[PDB]
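Colleague: The structure's right below; bear with me while I get my questions together.
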Amino acid sequence: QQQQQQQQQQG
Amino acid sequence: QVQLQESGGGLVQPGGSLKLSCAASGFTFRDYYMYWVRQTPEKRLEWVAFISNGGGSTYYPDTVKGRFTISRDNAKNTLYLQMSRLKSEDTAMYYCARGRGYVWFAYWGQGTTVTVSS
Amino acid sequence: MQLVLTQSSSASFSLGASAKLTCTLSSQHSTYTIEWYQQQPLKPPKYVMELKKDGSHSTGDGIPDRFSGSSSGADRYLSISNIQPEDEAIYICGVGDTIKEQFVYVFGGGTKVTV
């Protein structure tokens, strides 16, 4: 199945 | 302490338009992604818009894509949501939010209500 | 299949009693990490916790230790022990998928925990 894509909120 | 304060809501008509604002404080605004999330009268939550820290990227769900526009003025520490071609279904409490780590909605504002009626 | 979150039905509980809420991910996304949110009357939603497929989780600020999370397959759980009066709220789970082509965020229908 699919792999969840995430992002750090502070950049 | 992180603070988000929305404003701009009110009574409007279908086909109309209005622009919401969210004043941010308690953190370095330009370093964070920002969002708009709404809650319908039936209490259902729906993510409405995303904007990257410098305003470079934006994303919207199909329900509002060609009608809503999220923007920000980092110098003013303010987030905006331009709502055009309003639909009755846009009636909801609108919240601005900020994330933490990998969580999108860690901090929420108090909300502003947009009421669309014929 | 689209990313969907299905939540357990709203129920009433007795003070002190225990409760177990369920949020089930669509099969294609059974490994996803979700978020649990709590919304008390006339208040905005509050970040309760980030729950991973392995059961590991991290709660938000002001979240009572009696609040715990676990998982099982596509199921993500929120267990409230020692149900207090301030626990009466709507609990909504959410899941994000920052796909570059198009970001997606889905919220569950919510579970009313009447106490």
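Starting from 1 in every chain, residues are counted up; chains themselves are A, B, ... following the order of the structure tokens, and ligands are numbered from 1 as listed.
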Could you list the residues in chain B lying within 10 Å of chain C, using only C-alpha atoms, and format the result as a ChimeraX atom specification?
Modeller: /B:39,43-50,57-61,93-95,99,102-111
Colleague: Could you write out as an mmCIF file with N, CA and C atoms, in the first residue's frame the residues of chain A within 8 Å of chain C, counting only C-alpha atoms?
Modeller:
```cif
data_model
loop_
_atom_site.group_PDB
_atom_site.id
_atom_site.type_symbol
_atom_site.label_atom_id
_atom_site.label_comp_id
_atom_site.auth_asym_id
_atom_site.auth_seq_id
_atom_site.Cartn_x
_atom_site.Cartn_y
_atom_site.Cartn_z
ATOM 1 N N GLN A 1 0.815 -1.248 0.000
ATOM 2 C CA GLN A 1 0.000 0.000 0.000
ATOM 3 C C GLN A 1 0.835 1.279 0.000
ATOM 4 N N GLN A 2 0.138 2.407 -0.070
ATOM 5 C CA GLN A 2 0.733 3.744 -0.125
ATOM 6 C C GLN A 2 1.572 4.167 1.084
ATOM 7 N N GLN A 3 2.593 4.985 0.824
ATOM 8 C CA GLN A 3 3.472 5.504 1.866
ATOM 9 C C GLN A 3 3.050 6.945 2.133
ATOM 10 N N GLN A 4 2.739 7.244 3.387
ATOM 11 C CA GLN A 4 2.311 8.588 3.773
ATOM 12 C C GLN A 4 3.417 9.627 3.618
ATOM 13 N N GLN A 5 3.084 10.753 2.996
ATOM 14 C CA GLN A 5 4.037 11.824 2.805
ATOM 15 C C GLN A 5 3.816 12.887 3.888
ATOM 16 N N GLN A 6 4.891 13.270 4.565
ATOM 17 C CA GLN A 6 4.844 14.270 5.651
ATOM 18 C C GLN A 6 5.877 15.383 5.399
ATOM 19 N N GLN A 7 5.717 16.490 6.124
ATOM 20 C CA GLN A 7 6.573 17.682 6.025
ATOM 21 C C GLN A 7 6.816 18.346 7.388
#
```
Colleague: Just list the residues in stretch 19-85 of chain B DSSP gives strand (DSSP E) on the backbone, as a PyMOL selection string.
Modeller: chain B and resi 19-25+34-39+45-51+58-59+68-73+78-83
Colleague: Store the residues picked out above, limited to C-alpha atoms, as a PDB file, in the first residue's frame.
Modeller:
```pdb
ATOM      1  CA  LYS B  19     -11.592  38.378   2.688  1.00  0.00           C
ATOM      2  CA  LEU B  20     -10.610  36.963   6.066  1.00  0.00           C
ATOM      3  CA  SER B  21      -7.489  37.895   8.014  1.00  0.00           C
ATOM      4  CA  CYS B  22      -5.484  36.148  10.731  1.00  0.00           C
ATOM      5  CA  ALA B  23      -3.026  38.087  12.876  1.00  0.00           C
ATOM      6  CA  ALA B  24      -0.205  35.897  14.163  1.00  0.00           C
ATOM      7  CA  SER B  25       2.127  36.432  17.121  1.00  0.00           C
ATOM      8  CA  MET B  34       0.044  28.272   7.582  1.00  0.00           C
ATOM      9  CA  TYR B  35      -3.457  26.872   7.052  1.00  0.00           C
ATOM     10  CA  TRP B  36      -7.167  27.583   7.002  1.00  0.00           C
ATOM     11  CA  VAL B  37      -9.580  24.946   8.314  1.00  0.00           C
ATOM     12  CA  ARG B  38     -13.336  25.363   8.570  1.00  0.00           C
ATOM     13  CA  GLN B  39     -16.079  23.799  10.638  1.00  0.00           C
ATOM     14  CA  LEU B  45     -14.105  19.842   9.982  1.00  0.00           C
ATOM     15  CA  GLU B  46     -12.593  20.429   6.551  1.00  0.00           C
ATOM     16  CA  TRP B  47      -9.100  21.558   5.601  1.00  0.00           C
ATOM     17  CA  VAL B  48      -9.474  24.571   3.292  1.00  0.00           C
ATOM     18  CA  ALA B  49      -6.040  25.881   2.299  1.00  0.00           C
ATOM     19  CA  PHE B  50      -2.268  25.631   2.735  1.00  0.00           C
ATOM     20  CA  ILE B  51       0.477  28.157   2.112  1.00  0.00           C
ATOM     21  CA  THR B  58      -0.397  26.830  -2.105  1.00  0.00           C
ATOM     22  CA  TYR B  59      -2.806  23.879  -2.127  1.00  0.00           C
ATOM     23  CA  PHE B  68     -10.647  30.611  -2.479  1.00  0.00           C
ATOM     24  CA  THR B  69      -7.155  32.115  -2.438  1.00  0.00           C
ATOM     25  CA  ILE B  70      -4.777  31.876   0.517  1.00  0.00           C
ATOM     26  CA  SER B  71      -2.045  34.521   0.825  1.00  0.00           C
ATOM     27  CA  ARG B  72       0.228  36.059   3.436  1.00  0.00           C
ATOM     28  CA  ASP B  73       2.144  39.249   4.165  1.00  0.00           C
ATOM     29  CA  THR B  78      -0.854  38.260   8.656  1.00  0.00           C
ATOM     30  CA  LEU B  79      -2.515  35.373   6.820  1.00  0.00           C
ATOM     31  CA  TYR B  80      -5.489  35.946   4.492  1.00  0.00           C
ATOM     32  CA  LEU B  81      -8.220  33.954   2.775  1.00  0.00           C
ATOM     33  CA  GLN B  82      -9.953  35.593  -0.174  1.00  0.00           C
ATOM     34  CA  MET B  83     -13.339  33.939  -0.609  1.00  0.00           C
TER      35      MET B  83
END
```
Colleague: Please report the interatomic distance between atom CA of residue C:36 and atom CA of residue C:55 in Å with one decimal.
Modeller: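 Taking atom CA of residue C:36 and atom CA of residue C:55, their separation equals 13.1 Å.
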Colleague: Near chain A, which residues of chain B fall within 6 Å when you count only C-alpha atoms, and what do they look like as a list in words?
Modeller: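 Using only C-alpha atoms, chain B residues at most 6 Å from chain A: residues 31, 32, 33, 99, 100, 101 and 102 of chain B.
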Colleague: Go through chain B and collect every residue that DSSP, computed from the backbone, puts in helix (DSSP H, G or I); the answer should be as JSON, numbers by chain.
Modeller: {"B": [29, 30, 31, 88, 89, 90]}
Colleague: Filtering to N, CA, C and O atoms, could you give me those residues as a PDB file, in the first residue's frame?
Modeller:
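Saved to out_22.pdb:
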```pdb
ATOM      1  N   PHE B  29       6.613  34.074  12.362  1.00  0.00           N
ATOM      2  CA  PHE B  29       5.654  33.828  11.291  1.00  0.00           C
ATOM      3  C   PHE B  29       6.249  33.327   9.977  1.00  0.00           C
ATOM      4  O   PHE B  29       5.792  32.325   9.428  1.00  0.00           O
ATOM      5  N   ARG B  30       7.273  34.013   9.475  1.00  0.00           N
ATOM      6  CA  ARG B  30       7.880  33.641   8.199  1.00  0.00           C
ATOM      7  C   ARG B  30       8.532  32.259   8.143  1.00  0.00           C
ATOM      8  O   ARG B  30       8.876  31.782   7.061  1.00  0.00           O
ATOM      9  N   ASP B  31       8.703  31.613   9.294  1.00  0.00           N
ATOM     10  CA  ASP B  31       9.325  30.289   9.325  1.00  0.00           C
ATOM     11  C   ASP B  31       8.325  29.143   9.238  1.00  0.00           C
ATOM     12  O   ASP B  31       8.724  27.983   9.102  1.00  0.00           O
ATOM     13  N   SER B  88     -23.609  28.647  -0.525  1.00  0.00           N
ATOM     14  CA  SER B  88     -24.256  28.466   0.772  1.00  0.00           C
ATOM     15  C   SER B  88     -23.426  27.509   1.621  1.00  0.00           C
ATOM     16  O   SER B  88     -23.316  27.670   2.835  1.00  0.00           O
ATOM     17  N   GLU B  89     -22.829  26.522   0.961  1.00  0.00           N
ATOM     18  CA  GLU B  89     -22.017  25.520   1.637  1.00  0.00           C
ATOM     19  C   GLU B  89     -20.749  26.062   2.284  1.00  0.00           C
ATOM     20  O   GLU B  89     -20.081  25.343   3.033  1.00  0.00           O
ATOM     21  N   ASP B  90     -20.405  27.315   1.991  1.00  0.00           N
ATOM     22  CA  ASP B  90     -19.217  27.927   2.584  1.00  0.00           C
ATOM     23  C   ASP B  90     -19.519  28.451   3.990  1.00  0.00           C
ATOM     24  O   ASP B  90     -18.621  28.926   4.691  1.00  0.00           O
TER      25      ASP B  90
END
```
Colleague: Atom CA of residue B:15 and atom CA of residue B:56 are how many Å apart?
Modeller: 28.4 Å
Colleague: With a distance cut-off of 12 Å and only C-alpha atoms, select the neighbouring residues of residue B:86, excluding the residue or stretch itself and same-chain residues fewer than 2 positions from it, and output the selection as a PyMOL selection string.
Modeller: chain B and resi 11-19+63-64+66-68+82-84+88-92+114-118
Colleague: Could the residues in this selection be written to a file with C-alpha atoms, as a PDB file, in the first residue's frame?
Modeller:
```
ATOM      1  CA  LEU B  11     -23.302  37.899   6.703  1.00  0.00           C
ATOM      2  CA  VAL B  12     -22.924  37.522   2.934  1.00  0.00           C
ATOM      3  CA  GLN B  13     -24.869  36.214  -0.100  1.00  0.00           C
ATOM      4  CA  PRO B  14     -24.207  33.384  -2.550  1.00  0.00           C
ATOM      5  CA  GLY B  15     -22.113  34.722  -5.429  1.00  0.00           C
ATOM      6  CA  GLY B  16     -20.605  37.344  -3.145  1.00  0.00           C
ATOM      7  CA  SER B  17     -17.089  37.658  -1.753  1.00  0.00           C
ATOM      8  CA  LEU B  18     -15.116  38.637   1.331  1.00  0.00           C
ATOM      9  CA  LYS B  19     -11.592  38.378   2.688  1.00  0.00           C
ATOM     10  CA  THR B  63     -14.393  21.995  -2.931  1.00  0.00           C
ATOM     11  CA  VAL B  64     -12.837  25.473  -2.937  1.00  0.00           C
ATOM     12  CA  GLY B  66     -11.021  27.886  -8.059  1.00  0.00           C
ATOM     13  CA  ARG B  67     -12.842  30.091  -5.561  1.00  0.00           C
ATOM     14  CA  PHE B  68     -10.647  30.611  -2.479  1.00  0.00           C
ATOM     15  CA  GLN B  82      -9.953  35.593  -0.174  1.00  0.00           C
ATOM     16  CA  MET B  83     -13.339  33.939  -0.609  1.00  0.00           C
ATOM     17  CA  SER B  84     -15.031  34.610  -3.946  1.00  0.00           C
ATOM     18  CA  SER B  88     -24.256  28.466   0.772  1.00  0.00           C
ATOM     19  CA  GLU B  89     -22.017  25.520   1.637  1.00  0.00           C
ATOM     20  CA  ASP B  90     -19.217  27.927   2.584  1.00  0.00           C
ATOM     21  CA  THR B  91     -21.166  28.815   5.742  1.00  0.00           C
ATOM     22  CA  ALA B  92     -18.836  27.807   8.567  1.00  0.00           C
ATOM     23  CA  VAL B 114     -18.900  33.357   7.571  1.00  0.00           C
ATOM     24  CA  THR B 115     -22.655  33.122   7.039  1.00  0.00           C
ATOM     25  CA  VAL B 116     -23.867  32.726   3.455  1.00  0.00           C
ATOM     26  CA  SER B 117     -27.603  33.124   2.908  1.00  0.00           C
ATOM     27  CA  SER B 118     -29.900  33.988   0.005  1.00  0.00           C
TER      28      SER B 118
END
```
